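Shown here is one chain on its own, the form deposited in one PDB entry, set out as C-alpha coordinates.
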(Lines give C-alpha, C1' and ligand atoms only; values in the text may rest on other atoms or scores of the structure.)
Protein backbone atom coordinates (compact mmCIF):
# COMPACT_ATOMS: atom_id res chain seq x y z
CA UNK A 1 0.00 0.00 0.00
CA UNK A 2 0.95 3.65 -0.51
CA UNK A 3 2.54 5.96 2.07
CA UNK A 4 -0.09 8.21 3.63
CA UNK A 5 2.23 10.28 5.84
CA UNK A 6 5.77 11.45 5.08
CA UNK A 7 8.08 13.39 7.40
CA UNK A 8 11.15 15.15 5.99
CA UNK A 9 14.04 16.01 8.33
CA UNK A 10 15.34 19.49 7.50
CA UNK A 11 14.00 22.60 5.75
CA UNK A 12 17.11 23.56 3.82
CA UNK A 13 17.30 23.14 0.04
CA UNK A 14 17.02 19.35 0.01
CA UNK A 15 14.17 19.05 2.52
CA UNK A 16 12.15 21.98 1.18
CA UNK A 17 12.24 20.56 -2.36
CA UNK A 18 11.48 17.04 -1.13
CA UNK A 19 8.61 18.34 1.01
CA UNK A 20 6.95 20.07 -1.93
CA UNK A 21 7.44 17.02 -4.16
CA UNK A 22 6.18 14.52 -1.58
CA UNK A 23 3.16 16.73 -0.89
CA UNK A 24 1.98 15.92 -4.42
CA UNK A 25 2.16 12.16 -3.81
CA UNK A 26 1.42 11.72 -0.06
CA UNK A 27 -1.73 12.76 1.79
CA UNK A 28 0.18 14.45 4.62
CA UNK A 29 3.76 15.69 4.93
CA UNK A 30 5.27 17.28 8.02
CA UNK A 31 8.73 18.89 7.90
CA UNK A 32 10.88 19.09 11.04
CA UNK A 33 13.22 22.11 11.23
CA UNK A 34 15.44 23.09 14.15
CA UNK A 35 15.69 26.78 13.32
CA UNK A 36 13.00 29.39 13.00
CA UNK A 37 12.55 30.35 9.39
CA UNK A 38 12.01 34.04 8.71
CA UNK A 39 9.83 35.39 5.93
CA UNK A 40 12.50 37.99 5.28
CA UNK A 41 15.97 36.86 4.11
CA UNK A 42 18.14 36.19 7.18
CA UNK A 43 21.01 33.84 7.90
CA UNK A 44 20.26 31.06 10.34
CA UNK A 45 21.99 28.57 12.59
CA UNK A 46 21.26 25.49 10.44
CA UNK A 47 22.78 26.80 7.19
CA UNK A 48 26.27 28.00 8.20
CA UNK A 49 27.57 27.89 4.60
CA UNK A 50 24.93 30.43 3.53
CA UNK A 51 27.50 33.12 4.47
CA UNK A 52 29.71 31.93 1.57
CA UNK A 53 29.35 32.22 -2.20
CA UNK A 54 26.51 30.08 -3.54
CA UNK A 55 25.99 29.62 -7.28
CA UNK A 56 22.79 27.95 -8.44
CA UNK A 57 23.95 26.25 -11.63
CA UNK A 58 21.48 26.08 -14.52
CA UNK A 59 20.86 22.38 -13.84
CA UNK A 60 19.60 23.09 -10.33
CA UNK A 61 17.89 26.29 -11.45
CA UNK A 62 15.96 24.61 -14.26
CA UNK A 63 14.97 21.71 -12.02
CA UNK A 64 13.73 24.08 -9.30
CA UNK A 65 11.88 26.18 -11.89
CA UNK A 66 10.11 23.05 -13.19
CA UNK A 67 9.00 21.98 -9.70
CA UNK A 68 8.15 25.56 -8.61
CA UNK A 69 7.27 27.73 -11.64
CA UNK A 70 7.95 31.42 -11.36
CA UNK A 71 10.73 31.01 -8.80
CA UNK A 72 13.39 32.45 -11.16
CA UNK A 73 11.46 35.54 -12.34
CA UNK A 74 10.67 36.02 -8.65
CA UNK A 75 14.39 35.82 -7.87
CA UNK A 76 15.20 38.25 -10.69
CA UNK A 77 12.69 40.74 -9.27
CA UNK A 78 14.38 40.38 -5.86
CA UNK A 79 17.72 41.38 -7.40
CA UNK A 80 19.48 38.07 -8.17
CA UNK A 81 21.75 38.08 -11.20
CA UNK A 82 21.73 35.51 -13.99
CA UNK A 83 25.44 35.10 -14.73
CA UNK A 84 26.13 33.77 -18.22
CA UNK A 85 29.15 31.45 -18.58
CA UNK A 86 31.72 32.12 -19.73
CA UNK A 87 30.60 35.53 -20.99
CA UNK A 88 29.84 37.27 -17.67
CA UNK A 89 33.00 36.14 -15.86
CA UNK A 90 36.70 37.01 -15.87
CA UNK A 91 38.28 33.66 -15.01
CA UNK A 92 41.92 32.65 -14.58
CA UNK A 93 42.62 28.93 -14.96
CA UNK A 94 45.92 27.12 -14.70
CA UNK A 95 46.17 27.49 -18.49
CA UNK A 96 45.42 31.22 -18.65
CA UNK A 97 42.46 33.54 -18.99
CA UNK A 98 39.07 32.30 -20.17
CA UNK A 99 37.93 33.91 -23.39
CA UNK A 100 34.50 35.39 -22.63
CA UNK A 101 32.68 33.52 -25.36
CA UNK A 102 28.94 34.23 -25.61
CA UNK A 103 27.22 32.48 -22.71
CA UNK A 104 26.32 28.82 -23.24
CA UNK A 105 25.12 28.14 -19.68
CA UNK A 106 24.13 30.26 -16.70
CA UNK A 107 23.94 30.29 -12.94
CA UNK A 108 21.72 32.33 -10.65
CA UNK A 109 23.67 34.29 -8.07
CA UNK A 110 22.24 35.93 -4.94
CA UNK A 111 22.66 35.63 -1.21
CA UNK A 112 21.85 32.10 -0.11
CA UNK A 113 19.27 33.27 2.51
CA UNK A 114 17.37 35.14 -0.23
CA UNK A 115 17.25 32.01 -2.40
CA UNK A 116 16.20 29.83 0.55
CA UNK A 117 13.40 32.25 1.43
CA UNK A 118 12.21 32.45 -2.17
CA UNK A 119 12.10 28.65 -2.43
CA UNK A 120 10.47 28.14 0.98
CA UNK A 121 7.75 30.65 0.11
CA UNK A 122 6.99 28.91 -3.18
CA UNK A 123 7.20 25.39 -1.74
CA UNK A 124 5.74 25.24 1.79
CA UNK A 125 2.37 26.93 1.16
CA UNK A 126 0.54 23.69 0.34
CA UNK A 127 -2.29 22.89 2.73
CA UNK A 128 -1.05 19.34 3.33
CA UNK A 129 2.38 20.61 4.39
CA UNK A 130 2.72 21.32 8.09
CA UNK A 131 6.01 22.97 9.04
CA UNK A 132 7.20 22.35 12.60
CA UNK A 133 9.86 24.94 13.30
CA UNK A 134 11.98 24.85 16.48
CA UNK A 135 11.79 21.06 16.44
CA UNK A 136 14.67 18.60 16.40
CA UNK A 137 14.84 14.95 15.31
CA UNK A 138 16.42 12.84 18.06
CA UNK A 139 16.73 9.36 16.50
CA UNK A 140 14.49 7.15 14.40
CA UNK A 141 12.32 4.18 15.38
CA UNK A 142 11.59 1.11 13.29
CA UNK A 143 11.63 -2.65 12.92
CA UNK A 144 15.37 -3.03 12.38
CA UNK A 145 17.85 -5.69 13.39
CA UNK A 146 18.10 -6.96 9.82
CA UNK A 147 16.18 -9.64 7.90
CA UNK A 148 14.59 -6.67 6.11
CA UNK A 149 13.70 -3.96 8.59
CA UNK A 150 11.38 -1.00 8.20
CA UNK A 151 11.56 2.54 9.55
CA UNK A 152 8.35 3.52 11.34
CA UNK A 153 8.95 7.10 12.53
CA UNK A 154 11.24 9.57 14.28
CA UNK A 155 11.77 10.86 17.85
CA UNK A 156 11.33 14.64 17.86
CA UNK A 157 11.98 17.23 20.58
CA UNK A 158 10.35 20.66 20.76
CA UNK A 159 12.92 23.36 21.55
CA UNK A 160 10.84 26.08 23.22
CA UNK A 161 9.88 23.63 25.98
CA UNK A 162 11.86 20.38 25.60
CA UNK A 163 8.73 18.07 25.45
CA UNK A 164 9.06 15.09 23.08
CA UNK A 165 6.76 13.22 20.66
CA UNK A 166 7.20 9.97 18.75
CA UNK A 167 6.48 11.16 15.17
CA UNK A 168 5.02 8.17 13.45
CA UNK A 169 5.01 7.99 9.66
CA UNK A 170 5.02 5.79 6.55
CA UNK A 171 8.19 7.31 5.08
CA UNK A 172 11.09 9.26 6.56
CA UNK A 173 13.31 11.65 4.59
CA UNK A 174 16.78 12.53 5.86
CA UNK A 175 17.67 16.02 4.55
CA UNK A 176 19.52 17.06 7.75
CA UNK A 177 22.62 18.12 5.78
CA UNK A 178 26.30 17.25 5.75
CA UNK A 179 26.54 17.07 9.54
CA UNK A 180 23.53 14.76 9.60
CA UNK A 181 22.83 12.18 12.35
CA UNK A 182 22.07 9.45 9.80
CA UNK A 183 24.87 6.96 10.46
CA UNK A 184 24.37 7.03 14.20
CA UNK A 185 20.60 6.40 13.74
CA UNK A 186 21.42 3.57 11.30
CA UNK A 187 23.51 2.04 14.10
CA UNK A 188 20.74 2.53 16.68
CA UNK A 189 18.37 0.30 14.62
CA UNK A 190 21.08 -2.33 13.99
CA UNK A 191 21.32 -2.05 10.19
CA UNK A 192 24.92 -2.66 9.03
CA UNK A 193 27.09 0.27 8.01
CA UNK A 194 26.98 1.73 4.51
CA UNK A 195 29.75 1.85 1.96
CA UNK A 196 31.31 5.29 1.72
CA UNK A 197 33.69 6.81 -0.80
CA UNK A 198 35.74 9.80 0.34
CA UNK A 199 37.97 12.21 -1.55
CA UNK A 200 38.94 14.99 0.88
CA UNK A 201 41.26 17.69 -0.42
CA UNK A 202 40.63 19.68 2.77
CA UNK A 203 39.16 22.75 1.10
CA UNK A 204 38.39 25.63 3.44
CA UNK A 205 36.64 28.94 2.82
CA UNK A 206 36.79 32.58 3.90
CA UNK A 207 34.08 35.00 2.76
CA UNK A 208 33.48 38.70 3.16
CA UNK A 209 30.91 40.97 1.57
CA UNK A 210 31.64 44.43 0.19
CA UNK A 211 29.51 47.20 -1.27
CA UNK A 212 30.07 47.27 -4.99
CA UNK A 213 30.63 50.47 -6.95
CA UNK A 214 27.29 51.76 -8.24
CA UNK A 215 26.15 49.68 -11.20
CA UNK A 216 28.89 47.07 -10.82
CA UNK A 217 26.42 44.29 -9.89
CA UNK A 218 24.84 44.74 -13.42
CA UNK A 219 27.55 46.33 -15.58
CA UNK A 220 30.63 44.52 -14.19
CA UNK A 221 31.53 40.82 -14.40
CA UNK A 222 32.27 38.37 -11.66
CA UNK A 223 35.96 37.51 -11.25
CA UNK A 224 37.33 34.05 -10.47
CA UNK A 225 41.00 33.27 -9.82
CA UNK A 226 41.55 29.49 -9.90
CA UNK A 227 45.13 28.13 -10.02
CA UNK A 228 44.78 24.54 -11.28
CA UNK A 229 48.01 23.47 -9.58
CA UNK A 230 47.29 20.26 -7.68
CA UNK A 231 50.34 17.99 -7.73
CA UNK A 232 53.03 20.57 -6.85
CA UNK A 233 51.43 22.99 -4.36
CA UNK A 234 48.19 23.24 -2.37
CA UNK A 235 45.65 25.21 -4.35
CA UNK A 236 44.74 28.76 -3.44
CA UNK A 237 41.76 30.44 -5.07
CA UNK A 238 39.46 33.42 -4.81
CA UNK A 239 36.20 34.62 -6.37
CA UNK A 240 33.97 37.71 -6.19
CA UNK A 241 30.29 37.38 -7.27
CA UNK A 242 27.59 40.07 -7.46
CA UNK A 243 24.50 39.71 -5.30
CA UNK A 244 21.29 41.66 -4.69
CA UNK A 245 21.41 45.12 -3.15
CA UNK A 246 24.43 46.39 -5.08
CA UNK A 247 26.86 44.19 -3.11
CA UNK A 248 29.90 42.01 -3.96
CA UNK A 249 30.27 38.65 -2.22
CA UNK A 250 33.98 37.76 -2.04
CA UNK A 251 35.04 34.20 -1.19
CA UNK A 252 38.61 32.91 -0.80
CA UNK A 253 39.51 29.24 -0.56
CA UNK A 254 42.52 26.95 -0.34
CA UNK A 255 43.40 23.28 -0.04
CA UNK A 256 45.21 21.41 2.71
CA UNK A 257 48.76 22.71 3.10
CA UNK A 258 47.91 26.37 2.51
CA UNK A 259 46.51 28.63 5.22
CA UNK A 260 43.49 30.95 4.95
CA UNK A 261 42.90 34.51 6.12
CA UNK A 262 41.34 34.47 9.58
CA UNK A 263 41.75 38.20 10.46
CA UNK A 264 40.11 40.95 8.38
CA UNK A 265 43.48 42.57 7.65
CA UNK A 266 45.13 39.46 6.17
CA UNK A 267 42.25 38.83 3.72
CA UNK A 268 43.16 41.20 0.87
CA UNK A 269 46.85 40.11 1.02
CA UNK A 270 45.67 36.55 0.28
CA UNK A 271 43.89 37.99 -2.75
CA UNK A 272 47.07 40.01 -3.36
CA UNK A 273 49.31 36.95 -3.70
CA UNK A 274 47.19 34.90 -6.09
CA UNK A 275 48.62 34.37 -9.58
CA UNK A 276 47.07 37.73 -10.54
CA UNK A 277 46.19 40.47 -8.00
CA UNK A 278 42.99 41.58 -9.74
CA UNK A 279 40.87 40.66 -6.72
CA UNK A 280 42.96 42.87 -4.42
CA UNK A 281 42.64 45.78 -6.85
CA UNK A 282 38.85 45.43 -6.85
CA UNK A 283 38.59 45.10 -3.07
CA UNK A 284 40.92 47.94 -1.91
CA UNK A 285 38.34 50.75 -2.15
CA UNK A 286 35.15 48.75 -1.55
CA UNK A 287 33.17 49.19 1.67
CA UNK A 288 33.58 46.08 3.79
CA UNK A 289 30.11 45.17 5.04
CA UNK A 290 30.79 41.99 7.08
CA UNK A 291 33.47 40.28 9.16
CA UNK A 292 35.31 37.21 7.89
CA UNK A 293 33.23 34.02 7.71
CA UNK A 294 34.93 30.63 7.75
CA UNK A 295 34.06 27.16 6.51
CA UNK A 296 36.00 23.90 6.41
CA UNK A 297 33.16 21.83 4.90
CA UNK A 298 35.24 20.96 1.88
CA UNK A 299 35.34 17.16 1.50
CA UNK A 300 33.74 14.96 -1.15
CA UNK A 301 31.83 12.14 0.52
CA UNK A 302 29.25 9.73 -0.85
CA UNK A 303 27.25 7.01 0.90
CA UNK A 304 25.80 4.18 -1.20
CA UNK A 305 22.60 2.97 0.52
CA UNK A 306 21.57 1.54 -2.86
CA UNK A 307 24.36 -1.04 -2.46
CA UNK A 308 23.24 -2.44 0.92
CA UNK A 309 20.87 -5.46 0.91
CA UNK A 310 19.60 -4.59 4.40
CA UNK A 311 18.73 -0.95 3.60
CA UNK A 312 15.55 -0.40 5.64
CA UNK A 313 12.22 0.13 3.94
CA UNK A 314 10.49 3.48 4.25
CA UNK A 315 13.65 5.56 4.63
CA UNK A 316 15.32 7.85 2.09
CA UNK A 317 18.39 10.06 2.32
CA UNK A 318 18.81 13.14 0.09
CA UNK A 319 20.85 16.31 -0.12
CA UNK A 320 24.13 16.73 1.66
CA UNK A 321 23.33 13.67 3.85
CA UNK A 322 23.50 11.33 0.88
CA UNK A 323 26.53 12.93 -0.75
CA UNK A 324 28.41 16.19 -0.26
CA UNK A 325 30.98 17.82 -2.49
CA UNK A 326 33.85 20.23 -2.62
CA UNK A 327 31.94 23.54 -2.72
CA UNK A 328 34.38 24.97 -5.28
CA UNK A 329 32.33 23.26 -8.02
CA UNK A 330 28.98 24.53 -6.64
CA UNK A 331 26.71 21.52 -7.18
CA UNK A 332 25.09 20.85 -3.78
CA UNK A 333 21.90 22.76 -4.51
CA UNK A 334 21.66 21.25 -8.01
CA UNK A 335 22.27 17.79 -6.54
CA UNK A 336 19.52 18.51 -4.00
CA UNK A 337 17.16 19.55 -6.80
CA UNK A 338 18.02 16.32 -8.65
CA UNK A 339 17.08 14.27 -5.58
CA UNK A 340 13.64 15.86 -5.32
CA UNK A 341 13.07 15.70 -9.09
CA UNK A 342 14.02 12.04 -9.10
CA UNK A 343 11.56 11.50 -6.26
CA UNK A 344 8.84 13.32 -8.18
CA UNK A 345 9.49 11.28 -11.35
CA UNK A 346 9.89 7.80 -9.80
CA UNK A 347 7.55 7.96 -6.80
CA UNK A 348 4.36 6.58 -8.35
CA UNK A 349 6.28 4.06 -10.50
CA UNK A 350 8.07 2.58 -7.47
CA UNK A 351 5.21 2.54 -4.91
CA UNK A 352 3.10 0.54 -7.37
CA UNK A 353 6.04 -4.28 1.72
CA UNK A 354 8.10 -1.59 0.01
CA UNK A 355 10.27 -3.34 -2.55
CA UNK A 356 10.25 0.03 -4.32
CA UNK A 357 11.99 2.43 -1.92
CA UNK A 358 15.08 0.42 -2.86
CA UNK A 359 14.35 1.55 -6.40
CA UNK A 360 13.90 5.17 -5.26
CA UNK A 361 17.22 5.27 -3.40
CA UNK A 362 18.77 3.48 -6.39
CA UNK A 363 17.30 6.13 -8.68
CA UNK A 364 18.41 8.91 -6.32
CA UNK A 365 21.95 7.55 -6.09
CA UNK A 366 22.14 7.46 -9.87
CA UNK A 367 20.94 11.08 -9.94
CA UNK A 368 23.80 12.27 -7.70
CA UNK A 369 26.52 10.47 -9.64
CA UNK A 370 27.42 13.42 -11.90
CA UNK A 371 28.41 15.93 -9.16
CA UNK A 372 30.26 13.19 -7.27
CA UNK A 373 32.47 12.01 -10.14
CA UNK A 374 33.08 15.61 -11.22
CA UNK A 375 34.37 16.83 -7.83
CA UNK A 376 36.24 13.65 -6.87
CA UNK A 377 38.04 13.50 -10.22
CA UNK A 378 39.35 17.05 -9.85
CA UNK A 379 40.25 16.65 -6.16
CA UNK A 380 41.90 13.21 -6.21
CA UNK A 381 45.22 14.65 -7.45
CA UNK A 382 45.79 17.44 -4.92
CA UNK A 383 48.82 17.09 -2.70
CA UNK A 384 47.74 16.18 0.85
CA UNK A 385 44.38 14.85 -0.38
CA UNK A 386 43.03 12.03 1.78
CA UNK A 387 41.26 9.31 -0.21
CA UNK A 388 39.31 6.19 0.86
CA UNK A 389 37.22 5.14 -2.12
CA UNK A 390 36.26 2.10 -4.19
CA UNK A 391 35.24 3.97 -7.39
CA UNK A 392 37.04 2.29 -10.32
CA UNK A 393 36.82 5.57 -12.26
CA UNK A 394 39.14 7.09 -9.63
CA UNK A 395 41.29 4.24 -8.31
CA UNK A 396 41.79 2.09 -11.40
CA UNK A 397 43.20 5.12 -13.19
CA UNK A 398 46.68 6.18 -14.24
CA UNK A 399 47.21 9.41 -12.36
CA UNK A 400 49.30 10.99 -15.08
CA UNK A 401 46.73 10.05 -17.76
CA UNK A 402 44.16 12.00 -15.71
CA UNK A 403 46.48 15.00 -15.13
CA UNK A 404 47.63 15.33 -18.76
CA UNK A 405 44.03 15.13 -19.93
CA UNK A 406 42.79 17.52 -17.23
CA UNK A 407 45.29 20.14 -18.43
CA UNK A 408 44.32 19.58 -22.07
CA UNK A 409 40.60 19.96 -21.33
CA UNK A 410 41.32 23.24 -19.54
CA UNK A 411 43.55 24.59 -22.30
CA UNK A 412 40.81 23.86 -24.85
CA UNK A 413 37.96 25.36 -22.83
CA UNK A 414 39.63 28.76 -22.31
CA UNK A 415 40.34 29.39 -25.99
CA UNK A 416 38.05 27.19 -28.16
CA UNK A 417 34.33 28.08 -28.34
CA UNK A 418 33.08 24.60 -29.12
CA UNK A 419 35.17 22.99 -26.38
CA UNK A 420 34.25 25.80 -23.99
CA UNK A 421 30.57 25.09 -24.69
CA UNK A 422 30.81 21.38 -23.84
CA UNK A 423 32.96 22.04 -20.78
CA UNK A 424 30.39 24.51 -19.45
CA UNK A 425 27.72 21.84 -20.03
CA UNK A 426 29.69 19.54 -17.72
CA UNK A 427 30.50 22.30 -15.21
CA UNK A 428 26.84 23.38 -15.03
CA UNK A 429 25.93 19.73 -14.28
CA UNK A 430 24.02 19.30 -17.58
CA UNK A 431 26.30 16.65 -19.08
CA UNK A 432 28.27 13.93 -17.30
CA UNK A 433 31.99 14.38 -16.85
CA UNK A 434 32.52 11.33 -19.05
CA UNK A 435 31.37 13.50 -21.96
CA UNK A 436 34.82 15.11 -21.80
CA UNK A 437 36.25 11.75 -22.88
CA UNK A 438 33.73 11.30 -25.71
CA UNK A 439 34.51 11.13 -29.41
CA UNK A 440 32.40 14.28 -29.75
CA UNK A 441 34.55 16.25 -27.30
CA UNK A 442 37.89 14.94 -28.56
CA UNK A 443 36.78 15.98 -32.05
CA UNK A 444 35.82 19.50 -30.95
CA UNK A 445 39.06 19.77 -28.97
CA UNK A 446 41.04 19.06 -32.16
CA UNK A 447 38.86 20.44 -34.96
CA UNK A 448 37.87 23.74 -33.37
CA UNK A 449 39.98 26.84 -33.79
CA UNK A 450 41.96 28.07 -30.78
CA UNK A 451 42.11 31.80 -30.19
CA UNK A 452 45.39 33.51 -29.27
CA UNK A 453 46.33 33.48 -25.60
CA UNK A 454 45.03 36.40 -23.55
CA UNK A 455 47.95 38.28 -21.97
CA UNK A 456 45.75 40.24 -19.53
CA UNK A 457 42.34 39.70 -17.88
CA UNK A 458 39.76 40.21 -20.65
CA UNK A 459 37.99 43.21 -19.13
CA UNK A 460 36.35 45.58 -21.53
CA UNK A 461 37.35 49.24 -21.11
CA UNK A 462 33.87 50.41 -20.08
CA UNK A 463 33.73 47.68 -17.44
CA UNK A 464 36.88 48.97 -15.78
CA UNK A 465 35.29 52.43 -15.87
CA UNK A 466 32.39 51.26 -13.68
CA UNK A 467 34.83 50.22 -10.93
CA UNK A 468 37.38 52.90 -11.87
CA UNK A 469 40.49 50.80 -12.75
CA UNK A 470 41.46 51.44 -16.36
CA UNK A 471 45.28 51.40 -16.10
CA UNK A 472 45.14 47.57 -15.81
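Numbering follows the first chain given and starts at 1.
Missing here is the form deposited with a small molecule bound; even so, the following discussion is about that form.
Checked against the small molecule in the entry with it bound, the residues 362, 81, 247, 230 give one hit for a heavy atom within 4.5 Å, which is 230. Contact with the small molecule in the entry with it bound, judged by any heavy atom within 4.5 Å, is made by just one of 342, 71, 141, 91: 91.
For the candidate spot formed by 86, 413 and 427, every residue has a non-hydrogen atom within 4.5 angstroms of the small molecule in the entry with it bound.
Not displayed here, the small molecule is approached by residue 98 to within 4.5 Å at the level of heavy atoms in the entry with it bound. By the criterion of a heavy atom within 4.5 Å, residue 406 is counted among the residues contacting the small molecule in the entry with it bound. The closest heavy atom approach of residue 378 to the small molecule in the entry with it bound falls within 4.5 Å. Contact check for residue 436: a heavy atom falls within 4.5 Å of the small molecule in the entry with it bound. Look at 190-198, 222-230, 266-274, 305-313: in the entry with it bound, residues with non-hydrogen atoms within 4.5 angstroms of the small molecule sit in 222-230.
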